[PDB]
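A.B. asks: CSV, C-alpha atoms, saved as data25.csv, coming up:
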```
chain,number,residue,atom,x,y,z
U,2,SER,CA,9.1,-16.0,-8.3
U,3,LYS,CA,7.7,-13.0,-6.5
U,4,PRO,CA,6.8,-9.8,-8.5
U,5,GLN,CA,8.9,-6.8,-7.8
U,6,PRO,CA,8.5,-5.9,-4.1
U,7,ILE,CA,7.3,-2.6,-2.7
U,8,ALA,CA,8.4,-0.8,0.4
U,9,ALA,CA,6.1,2.1,1.2
U,10,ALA,CA,6.0,4.6,4.1
U,11,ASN,CA,2.8,6.5,4.9
U,20,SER,CA,12.7,15.5,11.5
U,21,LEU,CA,11.3,14.8,8.0
U,22,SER,CA,14.4,16.4,6.5
U,23,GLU,CA,16.5,14.1,8.6
U,24,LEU,CA,14.6,11.1,7.3
U,25,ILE,CA,15.0,12.0,3.6
U,26,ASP,CA,18.8,12.7,4.1
U,27,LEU,CA,18.9,9.2,5.5
U,28,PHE,CA,16.9,7.6,2.6
U,29,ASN,CA,19.1,9.5,0.1
U,30,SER,CA,22.3,8.0,1.5
U,31,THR,CA,21.0,4.5,1.7
U,32,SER,CA,22.4,1.9,-0.8
U,33,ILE,CA,19.7,-0.5,-1.8
U,34,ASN,CA,21.2,-3.5,-3.4
U,35,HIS,CA,18.2,-5.2,-4.9
U,36,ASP,CA,15.1,-4.6,-7.0
U,37,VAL,CA,12.5,-2.8,-4.9
U,38,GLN,CA,10.1,0.0,-5.6
U,39,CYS,CA,10.2,2.4,-2.6
U,40,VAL,CA,7.4,4.8,-1.9
U,41,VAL,CA,7.2,7.8,0.4
U,42,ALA,CA,3.6,8.8,0.7
U,43,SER,CA,3.0,12.3,2.2
U,44,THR,CA,0.2,14.7,3.0
U,45,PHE,CA,-0.5,17.5,0.7
U,46,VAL,CA,1.4,20.3,2.5
U,47,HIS,CA,4.6,18.3,2.7
U,48,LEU,CA,4.6,17.1,-0.9
U,49,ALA,CA,6.7,19.8,-2.6
U,50,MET,CA,9.4,19.6,0.1
U,51,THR,CA,9.5,15.8,0.0
U,52,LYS,CA,9.7,16.0,-3.8
U,53,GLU,CA,12.5,18.6,-3.8
U,54,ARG,CA,14.5,16.7,-1.2
U,55,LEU,CA,14.0,13.0,-2.0
U,56,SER,CA,16.3,12.1,-4.9
U,57,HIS,CA,16.9,8.3,-4.5
U,58,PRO,CA,15.8,7.0,-7.9
U,59,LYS,CA,14.5,3.8,-6.3
U,60,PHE,CA,11.9,6.0,-4.6
U,61,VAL,CA,8.7,7.7,-5.9
U,62,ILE,CA,6.5,10.2,-4.1
U,63,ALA,CA,2.9,9.3,-3.5
U,64,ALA,CA,-0.1,11.5,-2.7
U,65,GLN,CA,-2.8,10.3,-0.2
U,66,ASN,CA,-6.6,10.3,-0.3
U,67,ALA,CA,-7.0,12.8,-3.1
U,68,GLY,CA,-10.3,12.0,-4.8
U,69,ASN,CA,-11.1,15.0,-7.0
U,70,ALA,CA,-10.5,14.9,-10.8
U,71,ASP,CA,-8.8,18.3,-10.8
U,72,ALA,CA,-6.7,17.5,-7.8
U,80,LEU,CA,-5.5,14.2,-9.3
U,81,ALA,CA,-4.8,16.1,-12.5
U,82,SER,CA,-2.6,18.7,-10.8
U,83,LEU,CA,-0.7,16.1,-8.8
U,84,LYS,CA,0.0,14.2,-11.9
U,85,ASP,CA,1.0,17.5,-13.6
U,86,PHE,CA,3.2,18.2,-10.6
U,87,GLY,CA,4.9,14.8,-11.3
U,88,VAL,CA,3.2,12.7,-8.6
U,89,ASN,CA,2.4,9.3,-10.2
U,90,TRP,CA,1.5,7.3,-7.1
U,91,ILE,CA,-1.3,7.6,-4.5
U,92,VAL,CA,-2.4,5.7,-1.5
U,93,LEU,CA,-6.1,5.2,-0.9
U,94,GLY,CA,-8.5,3.6,1.6
U,95,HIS,CA,-6.0,3.5,4.4
U,96,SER,CA,-7.7,2.3,7.7
U,97,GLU,CA,-8.7,5.6,9.3
U,98,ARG,CA,-10.2,6.8,6.1
U,99,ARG,CA,-12.7,4.1,6.4
U,100,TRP,CA,-13.3,3.8,10.2
U,101,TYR,CA,-13.0,7.5,11.0
U,102,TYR,CA,-13.6,9.7,7.9
U,103,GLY,CA,-16.4,7.4,6.7
U,104,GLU,CA,-15.1,6.5,3.3
U,105,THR,CA,-17.2,3.5,2.3
U,106,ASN,CA,-16.1,0.5,0.2
U,107,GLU,CA,-17.6,2.3,-2.8
U,108,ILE,CA,-16.1,5.7,-2.1
U,109,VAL,CA,-12.6,4.1,-1.9
U,110,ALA,CA,-13.5,2.1,-5.1
U,111,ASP,CA,-14.3,5.3,-7.0
U,112,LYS,CA,-11.2,7.0,-5.7
U,113,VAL,CA,-9.1,4.1,-7.0
U,114,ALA,CA,-10.9,4.1,-10.4
U,115,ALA,CA,-10.5,7.9,-10.7
U,116,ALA,CA,-6.7,7.7,-9.9
U,117,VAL,CA,-6.1,4.9,-12.4
U,118,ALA,CA,-8.0,6.8,-15.1
U,119,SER,CA,-5.7,9.8,-14.4
U,120,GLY,CA,-2.5,7.7,-14.8
U,121,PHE,CA,-1.7,6.9,-11.2
U,122,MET,CA,-0.3,3.8,-9.7
U,123,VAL,CA,-2.6,3.0,-6.7
U,124,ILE,CA,-1.8,1.4,-3.4
U,125,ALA,CA,-5.4,0.5,-2.4
U,126,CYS,CA,-5.8,-0.4,1.3
U,127,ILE,CA,-8.1,-3.0,2.8
U,128,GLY,CA,-8.4,-4.5,6.2
U,129,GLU,CA,-10.7,-5.6,9.0
U,130,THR,CA,-11.2,-4.2,12.5
U,131,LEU,CA,-10.7,-6.0,15.8
U,132,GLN,CA,-14.4,-6.8,16.1
U,133,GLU,CA,-14.4,-8.1,12.6
U,134,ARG,CA,-11.2,-10.3,13.1
U,135,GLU,CA,-12.4,-11.6,16.5
U,136,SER,CA,-15.7,-12.7,15.1
U,137,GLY,CA,-14.0,-14.6,12.2
U,138,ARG,CA,-15.4,-12.3,9.6
U,139,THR,CA,-12.0,-11.3,8.2
U,140,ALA,CA,-12.6,-13.0,4.9
U,141,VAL,CA,-16.1,-11.7,4.2
U,142,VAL,CA,-15.0,-8.1,5.2
U,143,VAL,CA,-11.7,-8.0,3.3
U,144,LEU,CA,-13.1,-9.6,0.2
U,145,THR,CA,-16.1,-7.3,0.1
U,146,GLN,CA,-13.7,-4.3,0.3
U,147,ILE,CA,-11.6,-5.5,-2.7
U,148,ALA,CA,-14.7,-6.7,-4.6
U,149,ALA,CA,-16.0,-3.1,-4.4
U,150,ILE,CA,-12.6,-1.9,-5.7
U,151,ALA,CA,-12.7,-4.5,-8.5
U,152,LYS,CA,-16.2,-3.5,-9.6
U,153,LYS,CA,-14.9,-0.1,-10.9
U,154,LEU,CA,-11.7,-1.5,-12.6
U,155,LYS,CA,-11.0,-3.3,-15.8
U,156,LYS,CA,-8.7,-6.2,-15.8
U,157,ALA,CA,-6.0,-4.1,-17.5
U,158,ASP,CA,-6.2,-1.6,-14.7
U,159,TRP,CA,-4.7,-4.1,-12.3
U,160,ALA,CA,-1.3,-3.4,-13.8
U,161,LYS,CA,-1.6,-0.1,-12.0
U,162,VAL,CA,-2.9,-1.5,-8.7
U,163,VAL,CA,-1.2,-2.6,-5.5
U,164,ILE,CA,-3.2,-4.0,-2.5
U,165,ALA,CA,-2.1,-3.2,1.0
U,166,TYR,CA,-3.5,-5.5,3.7
U,167,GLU,CA,-3.9,-3.6,7.0
U,168,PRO,CA,-4.6,-5.7,10.1
U,169,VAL,CA,-6.6,-2.8,11.6
U,170,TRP,CA,-7.5,-5.2,14.4
U,171,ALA,CA,-4.0,-4.7,15.7
U,178,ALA,CA,0.0,-10.3,14.4
U,179,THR,CA,2.1,-13.4,13.4
U,180,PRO,CA,3.6,-14.2,10.0
U,181,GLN,CA,1.1,-17.1,9.8
U,182,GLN,CA,-1.8,-14.7,10.4
U,183,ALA,CA,-0.4,-12.2,7.8
U,184,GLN,CA,0.2,-15.0,5.3
U,185,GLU,CA,-3.3,-16.4,5.8
U,186,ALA,CA,-4.8,-12.9,5.1
U,187,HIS,CA,-2.6,-12.3,2.1
U,188,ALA,CA,-3.2,-15.8,0.7
U,189,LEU,CA,-7.0,-15.3,1.0
U,190,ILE,CA,-6.7,-12.1,-0.9
U,191,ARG,CA,-4.7,-13.6,-3.7
U,192,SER,CA,-7.1,-16.5,-4.1
U,193,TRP,CA,-10.0,-14.1,-4.6
U,194,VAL,CA,-8.0,-12.2,-7.1
U,195,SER,CA,-7.0,-15.4,-9.0
U,196,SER,CA,-10.6,-16.7,-9.3
U,197,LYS,CA,-12.4,-13.4,-9.8
U,198,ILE,CA,-9.9,-11.5,-11.8
U,199,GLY,CA,-7.5,-14.0,-13.2
U,200,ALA,CA,-4.4,-16.2,-12.3
U,201,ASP,CA,-2.2,-13.9,-14.4
U,202,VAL,CA,-3.3,-10.8,-12.5
U,203,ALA,CA,-3.0,-12.7,-9.2
U,204,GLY,CA,0.6,-13.7,-9.9
U,205,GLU,CA,1.8,-10.2,-10.8
U,206,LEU,CA,-0.1,-8.4,-8.0
U,207,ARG,CA,1.9,-6.9,-5.1
U,208,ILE,CA,0.1,-7.5,-1.8
U,209,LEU,CA,1.8,-5.5,0.9
U,210,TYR,CA,1.6,-6.1,4.6
U,211,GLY,CA,0.4,-2.9,6.3
U,212,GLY,CA,0.3,-4.1,9.9
U,213,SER,CA,2.9,-3.3,12.5
U,214,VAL,CA,6.5,-4.0,11.4
U,215,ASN,CA,10.0,-3.3,12.4
U,216,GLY,CA,13.5,-4.5,11.6
U,217,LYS,CA,12.9,-7.7,13.6
U,218,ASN,CA,9.8,-9.1,11.9
U,219,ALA,CA,9.9,-7.5,8.5
U,220,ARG,CA,12.4,-10.0,7.1
U,221,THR,CA,10.3,-12.8,8.7
U,222,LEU,CA,7.1,-11.5,7.2
U,223,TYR,CA,8.5,-11.0,3.8
U,224,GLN,CA,9.6,-14.6,3.7
U,225,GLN,CA,5.9,-15.6,3.6
U,226,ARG,CA,4.7,-16.9,0.2
U,227,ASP,CA,2.2,-14.1,-0.4
U,228,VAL,CA,3.8,-11.0,1.1
U,229,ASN,CA,5.3,-8.6,-1.5
U,230,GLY,CA,6.4,-5.8,0.8
U,231,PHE,CA,5.1,-3.4,3.4
U,232,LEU,CA,3.0,-0.3,3.9
U,233,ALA,CA,4.7,1.0,7.0
U,234,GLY,CA,5.5,4.2,8.9
U,238,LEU,CA,7.7,7.1,7.6
U,239,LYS,CA,10.3,6.4,10.3
U,240,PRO,CA,14.2,6.0,10.5
U,241,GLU,CA,13.7,2.2,10.6
U,242,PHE,CA,11.9,2.1,7.3
U,243,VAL,CA,15.3,1.6,6.0
U,244,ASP,CA,15.3,-1.8,7.6
U,245,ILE,CA,11.9,-2.6,6.2
U,246,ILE,CA,13.4,-2.0,2.8
U,247,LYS,CA,16.3,-4.3,3.5
U,248,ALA,CA,13.7,-6.9,4.7
U,249,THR,CA,12.4,-7.2,1.1
U,250,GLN,CA,15.7,-9.0,0.3
```
Using structure tokens, write down the structure that the file contains.

C.D. replies:
Amino acid sequence: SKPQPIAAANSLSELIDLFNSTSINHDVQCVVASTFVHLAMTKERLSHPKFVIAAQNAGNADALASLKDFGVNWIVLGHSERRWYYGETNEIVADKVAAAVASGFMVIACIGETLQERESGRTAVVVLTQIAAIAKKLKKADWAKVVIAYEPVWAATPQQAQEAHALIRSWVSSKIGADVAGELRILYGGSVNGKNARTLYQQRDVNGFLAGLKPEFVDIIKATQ
């Protein structure tokens, strides 16, 4: 069977009212990741116990310490623009991930290739090098706290997403262990809506979504069964 799925989202007050009133029938960890300045409000307002608040991109020991102290236990790291715009390298993201885990966080670590990388058939070498860097700073036991989001930056069909996710899980199995591989949530972080979410989740190696904080996130949740 699949590990517990994750639905994570990366005007606002209307969105949280909506999430709060939503009945979610099945086992699924929901995550609302927000920017620093909206954190307190989101935390005051979001009360659905199947949801947790995540920080984003924090990389400083003291910052992580305060978030944790503030009751934030999740963080999202390495999201696409962090790498292609802000210049966070494979190693910078790796160190952020290791720092967060050491501070008691559950980490959604993002990886993904650009259009130029996908077009040239270098998806595998790129994606695996990104996670290899992440793995280098983590111990096997740390993987209990880790979640991988695959982001088709280059954008996708369920078959394409399945192939990407499957290639990630094979590298994990062989380099980290089959037991880690089996428990690891690998989320699909490409474009998704209420039409293809359900289709995508059906894929053997998709364990959820890293999608947009948007009214239709609710359908993304339902897509995880």

A.B. asks: To one decimal in Å, tell me the separation between CA of residue 89 (chain U) and CA of residue 117 (chain U).

C.D. replies: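 One can read the CA of residue 89 (chain U) to CA of residue 117 (chain U) distance as 9.8 Å.
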
A.B. asks: Could you list, as a PyMOL selection string, every residue within 10 Å of region 182-191 of chain U, counting all atoms listed in the file and ignoring same-chain residues fewer than 3 positions away?

C.D. replies: chain U and resi 127-128+139-140+143-144+147+164-168+178-179+194-200+202-204+206-212+222-229

A.B. asks: Would you mind listing what lies within 9 Å of region 97-102 of chain U as an MDAnalysis selection string, with all atoms listed in the file counted and same-chain residues fewer than 5 positions away left out?

C.D. replies: chainID U and resid 66 109 130 169

A.B. asks: I need the residue nearest residue 106 (chain U) from this list: U:249, U:65, U:146, U:22. Use only C-alpha atoms for the distance.

C.D. replies: U:146

A.B. asks: To one decimal place, how far is CA of residue 59 (chain U) from CA of residue 230 (chain U) in Å?

C.D. replies: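 Atom-to-atom, CA of residue 59 (chain U) and CA of residue 230 (chain U) are spaced 14.4 Å apart.
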
A.B. asks: Figure out the distance between CA of residue 108 (chain U) and CA of residue 232 (chain U), please, to one decimal in Å.

C.D. replies: 20.9 Å

A.B. asks: Ranking U:154, U:233, U:70, U:246 by minimum distance to residue 42 (chain U) and counting only C-alpha atoms, which one comes first?

C.D. replies: U:233

A.B. asks: When you look at residue 133 (chain U) with a cut-off of 8 Å (counting all atoms listed in the file), what residues show up, excluding the ones that are within fewer than 4 positions of it in the same chain? I need them as a PyMOL selection string.

C.D. replies: chain U and resi 129+137-139+142+170

A.B. asks: Since we have the selection now, will you write its residues out, keeping C-alpha atoms, as a PDB file, in the frame of the given file?

C.D. replies:
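That gives us result-v4.pdb:
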```pdb
ATOM      1  CA  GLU U 129     -10.700  -5.600   9.000  1.00  0.00           C
ATOM      2  CA  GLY U 137     -14.000 -14.600  12.200  1.00  0.00           C
ATOM      3  CA  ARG U 138     -15.400 -12.300   9.600  1.00  0.00           C
ATOM      4  CA  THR U 139     -12.000 -11.300   8.200  1.00  0.00           C
ATOM      5  CA  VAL U 142     -15.000  -8.100   5.200  1.00  0.00           C
ATOM      6  CA  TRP U 170      -7.500  -5.200  14.400  1.00  0.00           C
TER       7      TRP U 170
END
```

A.B. asks: Measuring atom to atom with only C-alpha atoms, identify which of U:85, U:71, U:244, U:107 is nearest to residue 32 (chain U).

C.D. replies: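 Among the listed residues, the smallest separation from residue 32 (chain U) belongs to U:244.
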
A.B. asks: Report as JSON, numbers by chain all protein, DNA and RNA residues lying within 8 Å of residue 214 (chain U), evaluated on all atoms listed in the file, omitting residues in the same chain fewer than 4 positions from it.

C.D. replies: {"U": [218, 219, 233, 245]}

A.B. asks: Starting from the sparse input, extend region 154-192 of chain U to N, CA and C atoms and give the output as a short mmCIF file (atom, residue, chain, number, x, y, z; two decimals), in the frame of the given file.

C.D. replies:
```
data_model
loop_
_atom_site.label_atom_id
_atom_site.label_comp_id
_atom_site.auth_asym_id
_atom_site.auth_seq_id
_atom_site.Cartn_x
_atom_site.Cartn_y
_atom_site.Cartn_z
N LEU U 154 -12.97 -1.32 -11.80
CA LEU U 154 -11.70 -1.50 -12.60
C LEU U 154 -11.87 -2.49 -13.66
N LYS U 155 -11.15 -2.28 -14.75
CA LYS U 155 -11.00 -3.30 -15.80
C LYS U 155 -9.80 -4.12 -15.51
N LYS U 156 -9.79 -5.33 -16.07
CA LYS U 156 -8.70 -6.20 -15.80
C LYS U 156 -7.34 -5.57 -16.12
N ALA U 157 -7.26 -4.78 -17.19
CA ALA U 157 -6.00 -4.10 -17.50
C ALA U 157 -5.55 -3.13 -16.48
N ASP U 158 -6.50 -2.61 -15.71
CA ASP U 158 -6.20 -1.60 -14.70
C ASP U 158 -5.32 -2.17 -13.60
N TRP U 159 -5.47 -3.46 -13.34
CA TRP U 159 -4.70 -4.10 -12.30
C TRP U 159 -3.21 -4.01 -12.42
N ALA U 160 -2.74 -3.68 -13.62
CA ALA U 160 -1.30 -3.40 -13.80
C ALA U 160 -0.87 -2.20 -12.98
N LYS U 161 -1.83 -1.31 -12.70
CA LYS U 161 -1.60 -0.10 -12.00
C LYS U 161 -1.93 -0.16 -10.50
N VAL U 162 -2.36 -1.34 -10.05
CA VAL U 162 -2.90 -1.50 -8.70
C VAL U 162 -1.98 -2.29 -7.78
N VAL U 163 -1.96 -1.90 -6.51
CA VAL U 163 -1.20 -2.60 -5.50
C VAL U 163 -2.17 -2.67 -4.28
N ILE U 164 -2.31 -3.84 -3.66
CA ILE U 164 -3.20 -4.00 -2.50
C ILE U 164 -2.36 -3.93 -1.25
N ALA U 165 -2.72 -3.08 -0.29
CA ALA U 165 -2.10 -3.20 1.00
C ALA U 165 -3.08 -3.80 2.02
N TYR U 166 -2.69 -4.90 2.66
CA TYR U 166 -3.50 -5.50 3.70
C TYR U 166 -3.13 -4.90 5.06
N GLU U 167 -4.07 -4.21 5.70
CA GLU U 167 -3.90 -3.60 7.00
C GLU U 167 -4.64 -4.33 8.12
N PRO U 168 -3.92 -5.07 8.98
CA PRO U 168 -4.60 -5.70 10.10
C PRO U 168 -5.03 -4.57 11.09
N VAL U 169 -6.13 -3.90 10.78
CA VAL U 169 -6.60 -2.80 11.60
C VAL U 169 -6.74 -3.27 13.03
N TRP U 170 -7.25 -4.50 13.13
CA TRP U 170 -7.50 -5.20 14.40
C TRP U 170 -6.32 -5.25 15.32
N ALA U 171 -5.19 -4.74 14.86
CA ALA U 171 -4.00 -4.70 15.70
C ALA U 171 -3.45 -3.30 15.79
N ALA U 178 0.19 -9.46 15.53
CA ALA U 178 0.00 -10.30 14.40
C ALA U 178 1.24 -11.15 14.03
N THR U 179 1.00 -12.42 13.71
CA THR U 179 2.10 -13.40 13.40
C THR U 179 2.18 -13.56 11.89
N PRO U 180 3.38 -13.91 11.40
CA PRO U 180 3.60 -14.20 10.00
C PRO U 180 2.58 -15.15 9.43
N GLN U 181 2.15 -16.11 10.23
CA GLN U 181 1.10 -17.10 9.80
C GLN U 181 -0.23 -16.35 9.60
N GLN U 182 -0.60 -15.47 10.53
CA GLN U 182 -1.80 -14.70 10.40
C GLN U 182 -1.76 -13.80 9.12
N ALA U 183 -0.63 -13.12 8.94
CA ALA U 183 -0.40 -12.20 7.80
C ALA U 183 -0.45 -13.02 6.49
N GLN U 184 0.21 -14.18 6.49
CA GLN U 184 0.20 -15.00 5.30
C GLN U 184 -1.17 -15.53 4.96
N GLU U 185 -1.95 -15.87 5.98
CA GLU U 185 -3.30 -16.40 5.80
C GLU U 185 -4.22 -15.28 5.15
N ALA U 186 -4.15 -14.07 5.70
CA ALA U 186 -4.80 -12.90 5.10
C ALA U 186 -4.39 -12.66 3.68
N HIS U 187 -3.08 -12.53 3.46
CA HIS U 187 -2.60 -12.30 2.10
C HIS U 187 -2.98 -13.39 1.16
N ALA U 188 -2.93 -14.64 1.62
CA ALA U 188 -3.20 -15.80 0.70
C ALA U 188 -4.72 -15.77 0.32
N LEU U 189 -5.58 -15.35 1.24
CA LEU U 189 -7.00 -15.30 1.00
C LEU U 189 -7.34 -14.21 0.00
N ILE U 190 -6.58 -13.13 0.07
CA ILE U 190 -6.70 -12.10 -0.90
C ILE U 190 -6.29 -12.52 -2.28
N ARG U 191 -5.12 -13.15 -2.37
CA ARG U 191 -4.70 -13.60 -3.70
C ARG U 191 -5.56 -14.68 -4.33
N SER U 192 -6.20 -15.53 -3.53
CA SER U 192 -7.10 -16.50 -4.10
C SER U 192 -8.35 -15.88 -4.70
#
```
